[PDB]
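Trainee: return a 3D structure for these sequence lines:
(chains A, B, C, D, E, F, G, H, I and J)
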10 protein chains.
Amino acid sequence: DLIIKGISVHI
Amino acid sequence: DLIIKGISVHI
Amino acid sequence: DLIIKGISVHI
Amino acid sequence: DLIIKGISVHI
Amino acid sequence: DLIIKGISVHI
Amino acid sequence: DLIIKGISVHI
Amino acid sequence: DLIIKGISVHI
Amino acid sequence: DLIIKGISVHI
Amino acid sequence: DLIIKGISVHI
Amino acid sequence: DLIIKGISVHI
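Mentor: Numbering: from 1, shown residues only, chains lettered A, B, ... in the order given. See below for the structure:
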């Protein structure tokens, strides 16, 4: 099972 | 099972 | 099962 | 099982 | 089982 | 489940 | 589960 | 589970 | 579980 | 479990 989770945040 | 989750946020 | 979820937000 | 989790945040 | 977790934060 | 919440306020 | 919450305030 | 919370405030 | 919390405040 | 908490304050 491939599970990927990615996030990028600029303030 | 492929599960991908991705998010990009600029403020 | 392929499950993809993607979001991009600019404010 | 591949599980990846990645995050990048700039303030 | 591959489990990766990575984070980068700049303030 | 992707849940995003973002707000920007200038006074 | 991805949960993101972000806020920017200028007075 | 990815949970991110970020805030920037200028007065 | 990735949990990130970040804050920047200028007065 | 990755838990990060960061804060920067200028007065």
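
Trainee: chain D contacts on chain A?
Mentor: Contacts of chain A with chain D, taken as C-beta under 8 Å from any C-beta of the partner chain, map to A:1-11. Yep, even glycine has a C-beta here, placed from its N, CA and C like the rest.

Trainee: and these, which are buried?
Mentor: Buried residues within these, defined by neighbour count using 16 or more other C-beta atoms under 10 Å in any protein chain shown: A:3-9, A:11.

Trainee: could you list which of those also contact chain B?
Mentor: A:3-9, A:11.

Trainee: tabulate those residues (a markdown table), appending secondary structure and distance to chain C.
Mentor: Formatted as a markdown table, those follow (DSSP: H, G, I helix; E, B strand; the rest coil; distance: C-beta to the nearest C-beta, whole Å):
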| residue | secondary structure | distance to chain C |
| --- | --- | --- |
| A:3 | strand | 9 |
| A:4 | strand | 9 |
| A:5 | strand | 9 |
| A:6 | strand | 9 |
| A:7 | strand | 9 |
| A:8 | strand | 9 |
| A:9 | strand | 9 |
| A:11 | coil | 9 |
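
Trainee: quick one: contacts for the spatially most central residue of chain A?
Mentor: With distances taken as C-alpha atoms, centre = their mean, residue A:6 lies nearest the centre of chain A, 0.7 Å away. Going by C-beta atoms under 8 Å, 6 or more residues apart in numbering or on different chains, residue A:6 touches B:5-7, D:4-7.

Trainee: same question, residue A:8
Mentor: With C-beta under 8 Å, 6+ apart, residue A:8 has these contacts: B:7-9, D:7-9.

Trainee: partner residues bridging the residue nearest to the centre of chain A?
Mentor: Note on residue A:6: beta-bridge partners by DSSP bridges are residue B:6, residue D:6.

Trainee: residue A:3 touches residue E:3, doesn't it?
Mentor: No. Using C-beta atoms under 8 Å, residue A:3 is not in contact with residue E:3, being 9.5 Å away.
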